[PDB]
Amino acid sequence: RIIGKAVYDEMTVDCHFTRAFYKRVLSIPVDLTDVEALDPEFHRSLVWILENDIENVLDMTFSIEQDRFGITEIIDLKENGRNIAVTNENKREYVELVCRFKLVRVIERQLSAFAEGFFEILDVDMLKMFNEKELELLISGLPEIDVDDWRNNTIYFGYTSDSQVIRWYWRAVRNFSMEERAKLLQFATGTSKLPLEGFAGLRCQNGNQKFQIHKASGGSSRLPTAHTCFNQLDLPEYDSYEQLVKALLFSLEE
């Protein structure tokens, strides 16, 4: 109710949240990057399972071993799912359903209550046509971020400050509007909150961490992948500024 009234009252709040919260608010399925942020181990296991033909040596049931101290009650992820093993055809289904039920289910009642409070204060139809990244900018505000402050407090890995690829990336960010800058920051960091000190005192999930740009060691057509846990920007090799800026725009817009 408070957030709905704040958006109704055109009021900027300090209510910054994760991706899954707004995704369930917007009824958008939760992506694997959120699970990657909380645990790179399970993300690595899931991407390895999906990429490879693990059906040959799978021998796994659909249900996941979730402990409850006293005794483990088998909570099926689907109807009669214990009798259904993981196969190649539905490996994506298993991965996405495990991602959904690992964190959302223990929070699903809270999200339902928040949706009940929020949707009775704002229109469902007019807002449902937006994305989860735009919801953070809608609620917490669309800040005007300083590219100079960003680049002056940023270290680079795999390149230098005078490297051509890094200069092209910073030129693209300079040409990025407050829309594009905010969405790129959300992609790279996972939040729209701008510290008063700026990128000098930027912090991540694992404590303080200035902005870092890693090398993806991939092809030219490869798209950058960001880890919101460490504020790591995997900037791959590129051939021209146009391809780099198009890739960055596709990554931020998604």
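As deposited, the entry is annotated with cryo-EM as its determination method and 5.29 Å as its resolution.

Help me understand the nonpolar core, please; the structure alone is not making it clear to me.
One broad rule of soluble globular proteins: the nonpolar side chains tend to lie buried together. Counting residues in each nonpolar core, the largest one holds 32 residues, and the members touching the most others are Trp-150, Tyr-169 and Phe-211. Going through the elements one at a time, α9 (147-152), α10 (164-175), α11 (178-189), β4 (211-215), β6 (232-235) and α12 (241-253) are the ones with two or more residues in this core. No other element matches α10, which puts seven residues into this core. Each residue touching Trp-150, except ones within four places of it in the same chain, is listed here: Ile-145, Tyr-169, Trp-170, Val-173, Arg-181, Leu-184, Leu-185, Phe-199 and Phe-211.

Looking at this structure, I do not really get the packing of α10 against α11. What am I missing?
For any two helices packed against each other, one specifies the crossing angle of their axes together with the interaxial distance. Axis separation between α10 and α11 bottoms out at 7 Å; the angle between their running directions is 130 degrees. As the angle between them shows, α10 and α11 are arranged oblique. Every residue of α11 that contacts α10 at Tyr-169, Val-173, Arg-174 and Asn-175 is listed here: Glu-180, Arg-181 and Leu-184. Residue composition of the contact of α10 with α11, by class: three nonpolar, one polar and three charged.

Help me understand the packing of aromatic side chains in this model?
The geometry of two aromatic rings is summed up by the distance between their centres and the angle between their planes. Throughout the structure, instances matching the rule amount to 13 aromatic pairs. Plain terms: the ring middles of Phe-118 and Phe-119 are 5.7 Å apart, the flat faces sit at 65 degrees to each other, and that makes the pair edge-to-face. Residue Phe-118 is classed as buried on the basis of its relative accessible area of 1%. Judged by its relative accessible area of 27%, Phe-119 is partly exposed. Pairwise contacts between aromatic rings join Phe-17, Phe-21, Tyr-22, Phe-114, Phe-118 and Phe-119 into one cluster. Sitting over the face of the ring of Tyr-241, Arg-171 holds its NZ or CZ atom 3.8 Å from the ring centroid. Between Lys-215 and the ring centre of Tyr-159, over which it is positioned, the NZ or CZ distance is 4.8 Å.

What counts and what doesn't
- Residues numbered from 1 in each chain as written, not as in the entry; some residues may be left out.
- Part of a larger assembly, values for the part shown.
- Heavy atoms only, no water.
- Residues with missing side-chain atoms left out of burial classes, pairs and counts.
- Core = buried A, V, L, I, M, F, W, Y, C linked by side-chain atoms within 4.5 Å.
- Buried < 20%, exposed > 50% of the residue type's maximum accessible area, 1.4 Å probe, protein only.
- Helix = DSSP H or I, 4+ residues; strand = E, 2+ residues; numbered from the N terminus.
- Contact = heavy atoms within 4.5 Å.
- Axes fitted to C-alpha atoms, helices over the stretch in contact; angles between N-to-C directions.
- Parallel < 35°, antiparallel > 145°, perpendicular 65-115°, else oblique.
- Nonpolar A, V, L, I, M, F, W, Y, C, P; charged D, E, K, R; others polar.
- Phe/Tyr/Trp six-rings, centres within 6.5 Å; stacked < 30°, edge-to-face > 60°.
- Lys NZ or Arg CZ within 6 Å of the ring centre and 35° of its normal.

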